[PDB]
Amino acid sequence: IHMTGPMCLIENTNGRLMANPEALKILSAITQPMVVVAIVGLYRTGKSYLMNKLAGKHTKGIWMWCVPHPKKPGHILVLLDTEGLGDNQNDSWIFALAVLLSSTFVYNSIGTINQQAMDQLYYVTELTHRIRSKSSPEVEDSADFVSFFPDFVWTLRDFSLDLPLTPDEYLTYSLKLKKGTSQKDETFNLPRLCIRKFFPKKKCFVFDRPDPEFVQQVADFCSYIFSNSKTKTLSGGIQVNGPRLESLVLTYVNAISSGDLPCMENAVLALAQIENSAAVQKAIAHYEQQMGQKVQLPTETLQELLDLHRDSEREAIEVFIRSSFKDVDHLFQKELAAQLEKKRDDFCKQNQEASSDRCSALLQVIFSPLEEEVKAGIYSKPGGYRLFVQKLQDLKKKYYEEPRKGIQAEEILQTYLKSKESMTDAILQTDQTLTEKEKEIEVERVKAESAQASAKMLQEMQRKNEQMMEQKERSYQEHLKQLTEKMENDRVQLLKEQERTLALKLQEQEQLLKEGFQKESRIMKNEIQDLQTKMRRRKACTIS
């Protein structure tokens, strides 16, 4: 994707914030990961020039300009521009939204970092009231800000002043706090503490008055943005692309419209709702496909059908596990298991009925010649019983010899062989070539054969009774095995992010202590203690 000019992403019309549904349409189509650079500043600050230079070349709100990334292959550079800041009831909301949506946050101001510049940057002192970190109900929620806030860049335009001092050390010294307790001191320290604690990284660029040395001060700012601005990522390594950014815009803007707080965790869970249900359908579609191309529905045994389900079920779970995240209480995985169980019971009852048709059909083919040779009285005769017993067994052999009958072959036949039991005993009793005590022996031999066969059917209806419950356990163990490995990867990734956060907090805490601010160091030490406790957490399995 390569838009020629910026399009309004969020409009500030009527005191309302609305996401331009056209802008979301373009976002949904972008599949590549995104580096989101937000350029923020009061109106007529010169942001439009940085916006055009990063791209490679109204009415209030946030404007978006997505061009391909110049120095990262296969990535999209998303430029966000705040239009109309300081002209005012939604100004602070636009500042907050630019923090939530960007991976690098560029604040642009004119002149130097004095009292007027800090007063104009009053939005940072309201982020505690505009942004929420955690969804769930003694440290502040804003202590989590540093773990997902963007890098901070403060560009100073028309910086007519001599630094020896680097632009970065100028920022560092400017953010040093004042000692004292009067409120001009607390007013002085509040935006500086906010910048130092909420953003993981700080950078400063100074620009002369606009020129070939204004052009390569700009060119070095762009190259720093191109080399150092990271992919927009949500907690858990989720790389934000088009549809995922659209998810964020909608969640945050709808939360503001409702009078609620845009909450980073709520946005992640709302996005997980979308992709997890899509993961379930992708999992099912893979199951149906690998199954329809692997089962021919007179299965020889039941275990042949259960093994095809088991192997198809394993891959479907693999599909879902790969495409899912934040499956709180495993609701979507349990939903996938329910649908896979429903599919398994449908393949089974269609399996047995394809067998109860292949065999019931071949009874009318094999045994109806004999059935109507009995009709014409062909066996009603001296010696007719032995001729009948012999031909019935030849037919029974021809029945067992047919290729693939299924799991119903014995039940269908033994039901028919007893359908004609009295018809056979009539042939036996009227045969005049047989002893009447040899008639005795044969009535015993037949009812022993019937009782033996009628017991092995009940023995098989038990073996299949228990193959089903047995496979129900491997299914469960397969879900358990794959979820366990998924939950460990997520924990290892969450721990990697928390160690990074722990290092940034420890660095800022003792820096505060070194500068002599025991109160602020004490607060940060509690944030560290709260974070180290959280790092020891392990998510549980919802079994019942």
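Numbers for residues come from their place in the sequence shown, where the first is 1.
- In the deposited entry, the stretch joining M469 to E470 is continuous, with no residue of the deposited sequence left without coordinates.
- Missing coordinates between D260 and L261 amount to none of the deposited residues, so the segment is unbroken.
- The PDB entry reports B-factors from which the mean C-alpha value can be compared for 514-522 and 62-70; the larger average falls on 62-70.
- When the mean C-alpha temperature factors of 417-425 and 319-327 are read from the deposited coordinates, 417-425 comes out higher.
- Annotation for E341, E372, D141, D119: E372 ranks highest, by Cα B-factor.
- Highest CA B-factor among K202, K405, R192, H286, as stated in the entry: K405.
- Ranked by Cα temperature factor within the chain, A267 sits in the lowest third according to the deposited record.
- Among all modelled residues in this chain, the alpha-carbon of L50 has a temperature factor (C-alpha) in the highest third.
- When all modelled residues of the chain are sorted by CA temperature factor, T533 is found within the lowest third.
- Remark: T104 belongs to the lowest third of its chain, ranked by C-alpha B-factor as recorded.
- Ranked by Cα temperature factor within the chain, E126 sits in the lowest third according to the deposited record.
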